[PDB]
Amino acid sequence: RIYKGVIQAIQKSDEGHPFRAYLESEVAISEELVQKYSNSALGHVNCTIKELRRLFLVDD
């Protein structure tokens, strides 16, 4: 069920338009926030950052 949505996604943005980059950037930049949750978890901060980045993840 659309499990390979990594090579296709990067493709679309590559097909649709280049301007998408600057867009996907903010999306890929957020992917890091999810990584900060691990270091933020130190004090349930992940839910604080996630809620800021994702706005739903809230830790997980």
# chains A, B, ... in the order shown; residues from 1 in each chain; ligands from 1
call {"tool": "select_by_dssp", "arguments": {"residues": "chain A", "states": "alpha helix (DSSP H)", "output": "ChimeraX atom specification"}}
result
/A:9-16,20-40,46-53
call {"tool": "write_last_selection", "arguments": {"atoms": "C-alpha atoms", "output": "PDB file, in the first residue's frame"}}
result
ATOM      1  CA  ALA A   9       7.602  11.657  -3.429  1.00  0.00           C
ATOM      2  CA  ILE A  10      11.049  13.027  -4.178  1.00  0.00           C
ATOM      3  CA  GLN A  11      10.098  12.403  -7.787  1.00  0.00           C
ATOM      4  CA  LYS A  12       6.809  14.275  -7.809  1.00  0.00           C
ATOM      5  CA  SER A  13       8.427  17.357  -6.321  1.00  0.00           C
ATOM      6  CA  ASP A  14      10.997  16.790  -9.041  1.00  0.00           C
ATOM      7  CA  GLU A  15       8.304  16.443 -11.678  1.00  0.00           C
ATOM      8  CA  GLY A  16       5.600  18.838 -10.550  1.00  0.00           C
ATOM      9  CA  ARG A  20       8.578  22.619  -4.669  1.00  0.00           C
ATOM     10  CA  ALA A  21      12.077  22.237  -3.275  1.00  0.00           C
ATOM     11  CA  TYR A  22      11.915  25.340  -1.113  1.00  0.00           C
ATOM     12  CA  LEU A  23       8.590  23.867  -0.060  1.00  0.00           C
ATOM     13  CA  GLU A  24       9.721  20.323   0.641  1.00  0.00           C
ATOM     14  CA  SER A  25      12.669  21.900   2.413  1.00  0.00           C
ATOM     15  CA  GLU A  26      10.509  23.157   5.255  1.00  0.00           C
ATOM     16  CA  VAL A  27       9.013  19.681   5.237  1.00  0.00           C
ATOM     17  CA  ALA A  28      12.379  17.952   5.359  1.00  0.00           C
ATOM     18  CA  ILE A  29      13.543  20.513   7.893  1.00  0.00           C
ATOM     19  CA  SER A  30      10.726  19.435  10.179  1.00  0.00           C
ATOM     20  CA  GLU A  31      11.796  15.818   9.859  1.00  0.00           C
ATOM     21  CA  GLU A  32      14.638  16.871  12.127  1.00  0.00           C
ATOM     22  CA  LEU A  33      12.284  18.143  14.806  1.00  0.00           C
ATOM     23  CA  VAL A  34      11.018  14.592  15.138  1.00  0.00           C
ATOM     24  CA  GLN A  35      14.643  13.763  15.851  1.00  0.00           C
ATOM     25  CA  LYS A  36      14.941  16.475  18.473  1.00  0.00           C
ATOM     26  CA  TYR A  37      12.080  14.828  20.323  1.00  0.00           C
ATOM     27  CA  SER A  38      14.540  12.155  21.386  1.00  0.00           C
ATOM     28  CA  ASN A  39      16.808  14.741  22.965  1.00  0.00           C
ATOM     29  CA  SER A  40      13.807  16.816  23.969  1.00  0.00           C
ATOM     30  CA  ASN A  46       9.323  16.362  22.417  1.00  0.00           C
ATOM     31  CA  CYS A  47       5.605  16.880  22.899  1.00  0.00           C
ATOM     32  CA  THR A  48       6.461  20.552  23.238  1.00  0.00           C
ATOM     33  CA  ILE A  49       8.516  20.700  20.063  1.00  0.00           C
ATOM     34  CA  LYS A  50       6.480  18.157  18.136  1.00  0.00           C
ATOM     35  CA  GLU A  51       3.376  20.172  18.929  1.00  0.00           C
ATOM     36  CA  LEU A  52       5.270  23.071  17.402  1.00  0.00           C
ATOM     37  CA  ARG A  53       6.629  21.209  14.400  1.00  0.00           C
TER      38      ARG A  53
END
call {"tool": "closest_residue", "arguments": {"among": "A:17, A:8, A:3, A:60", "to": "residue 44 of chain A", "atoms": "only C-alpha atoms"}}
result
A:60
